[PDB]
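This report concerns only the one structure given below.
Residue numbering restarts at 1 for every chain, and letters A, B, ... go by the order of the sequence lines.
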There are 4 protein chains.
Amino acid sequence: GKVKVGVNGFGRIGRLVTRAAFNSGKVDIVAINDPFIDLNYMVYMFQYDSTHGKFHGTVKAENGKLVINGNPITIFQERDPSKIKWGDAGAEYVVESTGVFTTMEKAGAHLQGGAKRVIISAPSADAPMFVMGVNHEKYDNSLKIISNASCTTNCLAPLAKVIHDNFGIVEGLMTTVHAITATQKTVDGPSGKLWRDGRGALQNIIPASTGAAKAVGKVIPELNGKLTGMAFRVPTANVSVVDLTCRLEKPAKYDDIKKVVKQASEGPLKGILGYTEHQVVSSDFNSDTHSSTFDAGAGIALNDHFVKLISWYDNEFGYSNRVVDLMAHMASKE
Amino acid sequence: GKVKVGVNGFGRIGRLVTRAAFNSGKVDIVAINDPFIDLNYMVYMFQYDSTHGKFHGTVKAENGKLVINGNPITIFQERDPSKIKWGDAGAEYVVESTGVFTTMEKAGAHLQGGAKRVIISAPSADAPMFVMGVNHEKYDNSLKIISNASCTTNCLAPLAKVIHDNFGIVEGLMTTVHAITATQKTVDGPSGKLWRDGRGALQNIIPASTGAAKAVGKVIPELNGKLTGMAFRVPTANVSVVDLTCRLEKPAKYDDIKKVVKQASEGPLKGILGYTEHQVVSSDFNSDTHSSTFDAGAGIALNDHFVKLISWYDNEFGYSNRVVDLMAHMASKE
Amino acid sequence: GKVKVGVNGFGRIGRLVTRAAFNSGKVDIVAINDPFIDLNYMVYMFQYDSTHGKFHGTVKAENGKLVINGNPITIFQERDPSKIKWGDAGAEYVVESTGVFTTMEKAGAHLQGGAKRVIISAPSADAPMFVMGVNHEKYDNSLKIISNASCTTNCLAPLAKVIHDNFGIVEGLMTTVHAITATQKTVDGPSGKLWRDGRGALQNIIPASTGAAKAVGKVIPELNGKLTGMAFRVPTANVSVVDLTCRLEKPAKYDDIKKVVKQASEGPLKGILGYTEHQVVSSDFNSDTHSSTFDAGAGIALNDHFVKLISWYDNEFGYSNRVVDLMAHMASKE
Amino acid sequence: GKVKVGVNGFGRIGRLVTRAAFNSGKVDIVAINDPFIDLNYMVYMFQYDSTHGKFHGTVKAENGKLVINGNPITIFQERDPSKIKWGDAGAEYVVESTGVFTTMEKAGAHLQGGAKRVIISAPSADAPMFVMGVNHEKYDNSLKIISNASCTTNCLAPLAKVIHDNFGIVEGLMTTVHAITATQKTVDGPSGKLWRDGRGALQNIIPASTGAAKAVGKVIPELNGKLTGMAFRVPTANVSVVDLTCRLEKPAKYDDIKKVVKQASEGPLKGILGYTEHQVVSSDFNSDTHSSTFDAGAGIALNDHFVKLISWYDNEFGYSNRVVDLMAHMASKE
């Protein structure tokens, strides 16, 4: 009884969500909407990927439909989201991934198209936010349109939840060394809003401001007003690492932190929070489905009330898998 | 008696043309037009450069004008090129560098604005093409709108002229390993027209097609229909190298080729064609004003009628200096 | 009846040969010799790879032996190759991959250790050279020590053989845009022999001289003295492309060249020479086992007697697979 | 009355120290010792630089001596430091920059060669440590052999001194995003001691451990046992940024921190500690002689007792200038 899923927008997040859905098999993709991309271009884009390699399967175009592993997918090219006939294709859930419809009113334009529930793959100002393994038990069948927050937030939230539940975080500051994204540009370029983001991505570091640590307090209400930070954008393909410096109420040696993190990674947070002790680097976490992997050897502790923790997280993947897992849990709650 | 120069578009070519004009002092910039960039953003963009470093001088904004080294520059923000009041600012020549007005009819929209002559910093379908040091003596004061072809063409043309004048090129194929440009994109991305150009610039090589070697036959009429080739786009900041494989009529040892190239580089083509024998790499030619520099040690010769020549050329700079030199020669012919 | 294979040196070529042998299953690895690497370091090096990703299997160390997929491997740490007890481990063939024993006299030091035949994974001055699919039928059971030439040579030889057999290459010049290797260095550095190779690999192009096209005439005797060229070293992880500019005796349109290349790629040279018509880039050929893949859209033809051909080849892989295939053919001839 | 300076080792630090000494003109270089580099190779290495560009001056070799700007320099090629005739060349101070003679006993081998005082351009276990602008007034003419600590330490120490003097740092954790160095290697490689450092520098982030924040407590005795941290090695040419997260005794808004940092940067710490408010990136600090530049817009403050500060520092340069400034102050104290 897999739910029917339509995808709005065939960008990096939409293609990776489709790839993760076909690899895991938890949900079924029946419809893809993109107005600027024709069918053969979507075949070429889904077939070849520079970062994650070639697709393991058969993808082609026939009868005006995108056939992936023998499964036909109806293609729409409507710019206005209110005109898309989601109910004609039979799609029950709709993943909004264009990044321009983030408010509840804008994302509610899929409702008159025949869609039941809309999941936004972006942070939202007013839609409820859910992170798998942290607060996903708060979801109700009354929540038609929700949000999966952001990848960084998805990296920070389970580790922060475990550390706050075991030792009581007083306050913390987070720094995330981030890989390059589609919004950056080569050889400098223009960028009215953010002047730093318009510089050349290949030759620079480029500090930036983010609100993921502030969104952690939205996801976990006890940590509201205790977490904030910034980011660096280094020229890496698809690996980012989160660094969290925090102060704790109860004394905690580094071995106790490692023990409780490994214990949480084994049972309750299996598949979400990872644990390792090897001498790993960034490219060892390519195409990893974990939301975050705790690095035991990388972190350092100044004292029992002042520590610093390091976590690896894949930007492209992982989140897509959390979107698929959230849709599966939503279908299970139906 | 320096000529007054206005610049349309403040992109990479326009900023570098302004920088080269202020460094050399041959011409004077009195007007800059760009509709999407405000004045403080142009101050920030001209002040800081990721590739060529900080500007050697004083740049600021005062009284709604851009003051560079004590020289005020009037700023226009007109999208339609026919509405720009070039004659009000006193600009005599206009450098069209936006890359969207390449035909004679489109570039003639600056004529009713009060401009006398328009120089296009791009290849053109119907405007006459001039390369400094090769065919710039063919220019007439009757030529209001002309073109400076392309940088690659500007790299290939003097070396090909010298080799054809000394040994009689029968036919040749050219390959140019090119640095990244503003049209490429990080982390793959979309590109309807050219599907290869939409892939990730950081992780790929990306073969491409170019018409610079075909434009050499337009500049040099005796070589028409004898030169064609392609290109590779490697992730380099701003250095490209041209490789030319050719067949000659008269026998020519490699020492004779080196001798005639050094002799041509010394006298007639001083400052345009360079010559070196050191063990150089690409970053040794950063901020070099030469159109092309012949690498003696890099090339190889199969036999006296079949050789391969290597030339280094800076993409960002050099061309801008050739635009400034062409404008100076145009003002001298007046 | 798989042959027993020992590997001398656990560098990039030795590890990739072991990986290809365990993936294909044609031969069996029973012994690895390296004096500078301890056992746990070899476990860590074989387990994690930055370019080709994690190993698909189980690798561990037990009883002083390297266990890969349940197969134990004896480990030697002898610096002098004459003291290695190859016959004690039961290894019949020995792959010499350290790159310092390339002559016949130096590579013959494995013979008194109990090894029967020695295969050098490097170009050799006096050992016979064999390329799979080109001249591998010339091998005799009298040839104990031979060579597999080089990867570039392995890329160039089948395409050149097909083009020479169909159209009669008169002469040709080859340029190969190469990825970075272990001999290069970051942030410049020292390099007495080659001054260009000591410069910084990340920021430069670095022309270099190679003898692969000269070695093609050693492999194919009819093309002796007709092929020579050079190379460029761009900062790419593991993808290189070969560009060959050639003159032909019989007239040949580009469609006929594409037809004969596709026909040769289908039947006789299946798995060695590849053919494609898609808009591919370098990272599309990551972990590809083909020796060379002909790019139909990338090449250009000046005329029926003057053409330019483009081929993609993986530096790390492919060659390792050709070493494994050559050892399998050698065992079949026994 | 400039002091005579000899340099041991012509690596990256020695060449940059010579370049900074010839650019500033505070000291005079009379002798260079390197056993593995011949004279023409040093001419080529000093003439061309991939990061900082070509040398602004004349460098050549004549009469077995290195002539820079008309100044001859005697060249030694002695491996054993005790055999170098420093007193024959007239050198009074000796800069030890090979990185293998860091103890007092090993660096004292230059004393019987005729040298008076030895300055180590590396952290030392037992030699006294001096940072310019922080504790350089503690130096005595009784200190023949001393140390200039490390560049990171030189970046962190003035900012930490200002913040501790104004607001009383309780404890702090430091993270520094570092550019690539000569010890890293391309395409992975071997690294017995540190397994993470042997991975490929181009494709990875590579966490590492450093003792610069622990050395700050050695330089500033009041901060002993209050500062520790780690590092990340991203593939950048020559720009690194320091991030310091700290807790303060007295309340401090971000505007007060900016005011006291700007006031300290203007008067007492002119030329050592920099201040900026522009939207800068890493490549804007290329060839900057400041030890550290405070970034006002990049940092963030959680509350009045918990802040995070960002500072930019050039790895190659700056330190070399601090070595030259320390030698000038040492000569002034004589």
Measure the acute angle between the ring planes of [X] and [Y], then classify it against the limits of 30° and 60° as parallel, tilted or perpendicular.
X	Y	value
B:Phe285	B:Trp312	parallel
D:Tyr48	B:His278	perpendicular
B:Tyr41	A:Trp195	parallel
B:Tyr254	B:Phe294	tilted

Using a distance-only test with no angle check, is there a side-chain donor-acceptor pair under 3.5 angstrom linking [X] and [Y]?
X	Y	answer
B:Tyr93	B:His110	no
B:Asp243	B:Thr175	no
B:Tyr319	B:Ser291	no

From [X] atom [atom1] to [Y] atom [atom2], the distance as rounded to the nearest 0.5 Å:
X	Y	atom1	atom2	answer
B:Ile73	B:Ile29	CD1	CD1	7.0 Å
B:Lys308	B:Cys246	NZ	SG	9.5 Å
B:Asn238	A:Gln203	CG	CD	8.5 Å
B:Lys161	B:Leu269	NZ	CG	7.0 Å

Above 12 or not: heavy atoms from other molecules or residues under 6.0 Å from [atom1] of [X]?
X	atom1	value
B:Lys214	NZ	no
B:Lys259	NZ	no
B:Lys270	NZ	no
B:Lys54	NZ	yes

Closer than 3.5 angstrom, by distance alone: can the side chain of [X] be matched with the main-chain N or O of [Y] as a donor-acceptor pair?
X	Y	result
B:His136	B:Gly133	yes
B:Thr186	A:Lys185	no
B:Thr18	B:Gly14	yes
B:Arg322	B:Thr289	yes
B:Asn135	B:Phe130	no
B:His305	B:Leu248	yes
B:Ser147	B:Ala122	yes
B:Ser292	B:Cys155	yes
D:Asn69	D:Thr58	yes
B:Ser150	B:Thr153	yes

How close do [X] and [Y] get, counting heavy atoms only, and between which atoms?
X	Y	value
B:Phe46	B:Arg19	CE1-N, 3.9 Å
B:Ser97	B:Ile13	CB-CG2, 4.2 Å
B:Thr103	B:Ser124	CA-OG, 4.3 Å
B:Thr228	B:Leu173	O-CD2, 3.2 Å
B:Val100	B:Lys106	O-CD, 3.9 Å
B:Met230	C:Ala298	CG-O, 4.1 Å

### Task
Could you give me the CA-CA distance, side-chain angles and deciding distance for B:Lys250 and B:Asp256, then say whether salt bridge (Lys or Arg N to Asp or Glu O under 4.0 Å) is met?
CA-CA 12 Å; B:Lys250 335 166 186 177; B:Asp256 304 352; over 6 Å; no
Could you tell me if the side chain of [Y] sits less than 4.5 Å from the side chain of [X], heavy atoms only?
X	Y	answer
B:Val43	B:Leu66	yes
B:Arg12	B:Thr51	yes
B:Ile68	B:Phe55	yes
B:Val239	B:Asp314	no
B:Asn315	B:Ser240	yes

### Task
Test side chain to side chain contact (heavy atoms under 4.5 Å, CB included) on B:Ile163 and B:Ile257 and set out the steps.
CA-CA 8 Å; B:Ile163 295 299; B:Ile257 297 171; 3.9 Å; yes
### Task
Can you sort out the partners of C:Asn303 under side-chain hydrogen bond (donor to acceptor under 3.5 Å, both in side chains), two or more places apart, ordered by chain and number?
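B:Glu171.
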#### Entry: Check against salt bridge (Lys or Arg N to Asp or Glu O under 4.0 Å), B:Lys4 and B:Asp28
CA-CA 5 Å; B:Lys4 317 277 219 236; B:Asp28 292 342; 5.5 Å; no
### Message
So that I can tick it off, tell me whether B:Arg117 and B:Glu334 are bridged by a salt bridge, with the cut-off set at under 4.0 angstrom between side-chain N and carboxylate O.
### Response
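So B:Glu334 pairs with B:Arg117 through a salt bridge.
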### Message
Taking the basic N atoms (NZ, or NE/NH1/NH2) and the acidic carboxylate oxygens, is any pair closer than 4.0 Å for B:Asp34 and B:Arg15?
### Response
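No salt bridge links B:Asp34 with B:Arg15.
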#### Entry: Check against side chain to side chain contact (heavy atoms under 4.5 Å, CB included), D:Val280 and A:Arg196
CA-CA 7 Å; D:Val280 292; A:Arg196 290 201 217 228; 4.0 Å; yes
### Message
For B:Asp288 and B:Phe317: C-alpha separation, side-chain torsions, deciding distance, then whether side chain to side chain contact (heavy atoms under 4.5 Å, CB included) applies.
### Response
CA-CA 7 Å; B:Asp288 203 297; B:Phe317 263 87; over 6 Å; no
### Task
Could you walk me through whether B:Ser283 and C:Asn204 pass side chain to side chain donor-acceptor pair (under 3.5 Å), step by step?
CA-CA 6 Å; B:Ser283 68; C:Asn204 298 296; 2.7 Å; yes
### Query
B:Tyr44 and D:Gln279: side chain to side chain contact (heavy atoms under 4.5 Å, CB included), yes or no, with the steps?
CA-CA 9 Å; B:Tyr44 171 73; D:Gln279 321 233 54; 4.2 Å; yes
